[PDB]
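In PDB author numbering, the protein residues as written are 52 to 89, 94 to 329, 335 to 513. Think of the CB as a built atom: it goes at the ideal place given N, C-alpha and C, for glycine as much as any other residue. Here's the structure we're looking at; comments come further down.
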Ligand SMILES: [Mg+2]
Ligand SMILES: [Mg+2]
């Protein structure tokens, strides 16, 4: 697991093993938020890696076990590509109270999305920036609710649509207001708040209505954007559609409408003893017929390692037709072709490290700092180390050497082959520096002059 970096001893990004990387893997980078279940004694935060698992960007923003990072992905705000992730405190039911960070391509925070007034914070499970520059945020707050005549404590879910610039709440959807408690499949703990629906995904369908994934009800709800009425229920105790054998899902995550028209559902299909022997989690693409009220499996993708993710997970349809799956509780992620052939299979070197999602996006990082450099003298001469956290366009490094910071001269150019590239030179100098070069040889940035040690 994380070996020391010479130029950045403050960064300890988790290591990843790519057991298979066949040709045809979609371009772009993989977005992860590694965590040690929670405080793991290892760094955690948003991470961007390449197809070899080598880190491209890593930002430690963990605060022990009182405040951690999850649900890292790329979104679009005001037509510009941005980074979003969640930070906050965990709760016993597995939900959290926190906020969402919005950061630009220069890696500075440009916005922070919080729950509306009157609520402690937003839940960690999902958040979606709409093309209307609004925020779909999930609030999970305990409320007293009369079930079977008994007053009980239940885990209510509120979905708010919030303008980013003003923070004003434009729409609000109360789950206890449309979904009954006895629709849940989860057994009742007498002291814990009854997490009856446990929404973990929010998506906007092609018609503008909302698609909400209820984990503990095994159901997907189509909600009118304005009136808040439930259009239909897919799965669960009040299912509107006819299901085949393997079309029914359970404890599912990450539901969205795809370009081909199918509905994507990550069927975890199990929980942690609170599943039939042999079941595996599967990535589901379903064709739903609203006229006949039926839904069948278009295609499904299973793990080559026979994994059964009891929680978390993600799926993504890539532009070339590939399917990228994040196995959630299991620290694996797999990219398939349409035919189901495995193109990329990767896992964290530490088995205790996992990520909520594993998504692929193109990214163009423009760091506002300078490259980091370090030089160590020796018998051969000098060994020069170079890194630039967040830089995506660096193709090679130019090594500068000189006796004074003002008399630096270029001695050697080497390709970038890792997050931190190391190269030796047959000379010994008093100062070294590096220049990051893109594929055409244009200079992207220059490090400070570093005294050789
Ligand atoms: Mg989302
Ligand atoms: Mg998805």
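Which listed residue (the options) has its alpha carbon closest to that of residue i
i, options, result
"residue 333", "401, 56, 476, 371", "Any structural detail on residue 333 is unavailable, because the chain resumes at 335 straight after 329."
"residue 505", "238, 397, 429", "429"
"residue 141", "134, 131, 147, 152", "152"
"residue 108", "255, 418, 184, 68", "68"
"residue 332", "201, 186, 510, 182", "Residue numbering in the chain jumps from 329 to 335; residue 332, which lies between, is not modelled."
"residue 211", "475, 286, 174", "174"
"residue 431", "479, 440, 71, 463", "479"
"residue 248", "467, 150, 60", "150"
"residue 187", "166, 244, 216, 136", "216"
"residue 103", "442, 133, 425, 491", "425"
"residue 74", "374, 343, 114, 397", "397"
"residue 63", "117, 85, 127, 98", "98"
"residue 284", "272, 266, 290", "266"
"residue 179", "500, 347, 133, 256", "256"
"residue 356", "251, 347, 364, 363", "347"
"residue 402", "423, 282, 360", "360"
"residue 441", "86, 512, 411, 138", "512"
"residue 342", "352, 302, 353", "302"
"residue 451", "196, 160, 189", "160"
"residue 91", "281, 305, 245, 172", "Because the chain is numbered 89 and then 94 with no intervening positions, residue 91 cannot be located in this model."
Classification of residue i by the beta-carbon crowding that lies within 10 angstroms, buried from 16 upward
i, result
"residue 220", "exposed"
"residue 299", "exposed"
"residue 147", "exposed"
"residue 71", "exposed"
"residue 307", "buried"
"residue 466", "exposed"
"residue 292", "exposed"
"residue 261", "exposed"
"residue 318", "buried"
"residue 419", "buried"
"residue 114", "buried"
"residue 52", "exposed"
"residue 409", "exposed"
Residue i CB to nearest heavy atom of ligand 2 below 6 Å
i, result
"residue 311", "yes"
"residue 376", "yes"
heavy atom of ligand 1 below 6 Å from residue i C-beta
i, result
"residue 183", "yes"
Limits of the unbroken beta strand (DSSP E) element including residue i
i, result
"residue 197", "189-202"
"residue 357", "354-362"
"residue 269", "265-269"
"residue 336", "Looking at the DSSP string, residue 336 is not in any beta strand (DSSP E), and its letter there is neither H nor E."
"residue 124", "123-132"
"residue 382", "From DSSP, residue 382 is part of no beta strand (DSSP E); its letter is neither H nor E."
"residue 181", "From DSSP, residue 181 is part of no beta strand (DSSP E); its letter is neither H nor E."
"residue 395", "392-396"
"residue 138", "135-145"
"residue 206", "205-218"
"residue 481", "480-485"
"residue 322", "318-322"
Residue i: CB within 6 Å of a non-hydrogen atom of ligand 4
i, result
"residue 117", "Ligand 4 is absent from the structure shown, which contains only ligand 1 and ligand 2."
Using 8 Å as the threshold, is the segment 433-448 in touch with the segment 412-419, meaning 3 or more CB pairs across them?
With a cut-off of 8 Å, the segment 412-419 and the segment 433-448 do not count as touching, because too few Cβ pairs lie within range.
Closer than 8 Å is the cut-off here; do at least three beta carbon pairs connect the segment 491-505 with the segment 464-471?
Verdict: yes, contact present.
On the three-pair Cβ rule with 8 Å, is the segment 201-208 touching the segment 223-230?
No, because fewer than three Cβ pairs between the segment 201-208 and the segment 223-230 fall closer than 8 Å, the two stretches do not touch.
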